[PDB]
């Protein structure tokens, strides 16, 4: 089970696709909810995501249907289509998924943020970095619900540099586009969701704290944070969760004026990647780094909760550290940082010490030696 949020607000969830095309925005929204008696949210909602994951895992295609059997009925603890909790303006996080992931697989993070009073928009990238995604070929196809699926692209050694960079730039653009969509919805523009879901977007009118905006993401999503910040000053700070820095162009490193927080796992990181993180550092800029003891790359994603301790450890989904312990640390430290750099008047400053990695399961900075 994916843990419930630790904050005082109940959490809701819905999907938004606008426009319907492959150039539209697709996001999963987590938000503070009015109601708590709704059905929980289906974690991986279509079979084609399992088919996609099977390609990403490099397994036999037929394993897709086995993954679907095993995980196709799992829910995540967010009230599906619950009304938005009215009467208060909420800061906004735009969230970027890793390679071979998609919008729904970081619900532990998104739900927790929501439960503390954030709206979270988890983008689904159309760069062929998702295991799968979908859209509609045209206006007609969206009416009858005739989905077109786009699957993960496999790269040759010789495309890696170039195509990963094209992808991160598209990702940044998709993050900025999602922001603009949400900000327009806030300023009351009628948006007809391309998905026919019982959730009126008019609810979101005057409900965003328009200047309190951050971008967060895991791995490929972490590079996406950094590209996004450099391109869009509307985002006021970023949190990169175990960032994979390879996609970034040489030009971006000196061009990130906003505060940036690296939350790393112990076992993923390596000198080449850490050196790149350190190229974001500069005497005039606000930079923080911590490393979660006993953690692996997958502690930041939902599949760290989907299996038992033993097969979890074997499959590199779980580390030595407990998965709830690990995510609590990442989520609480994230909240404190956001409070500091968005200027929120909440109680997240209780976790300030975690930004400095001052905790028995934290390492200040990095464990990786670079020389």
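Heads up, when I say rigid core I mean the largest set of C-alphas that superpose within 1.5 Å between the two forms. Numbering follows the first chain given and starts at 1.
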Say the other structures are aligned on the rigid core; which stretch then has the higher CA RMS in 9 other deposited structures of this protein, 58 to 66 or 42 to 50?
58 to 66
Say the other structures are aligned on the rigid core; which stretch then has the higher CA RMS in 9 other deposited structures of this protein, 132 to 140 or 79 to 87?
132 to 140
Do the C-alpha atoms of 334 to 342 or of 33 to 41 have the higher average B factor in the entry?
33 to 41
In the PDB record, does 69 to 77 or 92 to 100 carry the higher mean Cα temperature factor?
69 to 77
Among 124, 242, 231, 146, which carries the highest Cα B-factor?
146
Among the choices 258, 264, 224, 282, identify the one whose CA B-factor in the record is greatest.
282
Considering only modelled residues of the same chain, in which third does the CA B-factor of residue 133 rank: lowest, middle or highest?
lowest
Select lowest, middle or highest to describe the third in which the CA B-factor of residue 362 falls within its chain in this entry.
highest
Determine, from the deposited record, the chain-internal third of the Cα B-factor for residue 300: lowest, middle or highest.
lowest
Among the modelled residues of its chain, does the C-alpha B-factor of residue 286 lie in the lowest, middle or highest third?
middle
Residue 246's Cα B-factor: lowest, middle or highest third of the chain?
middle
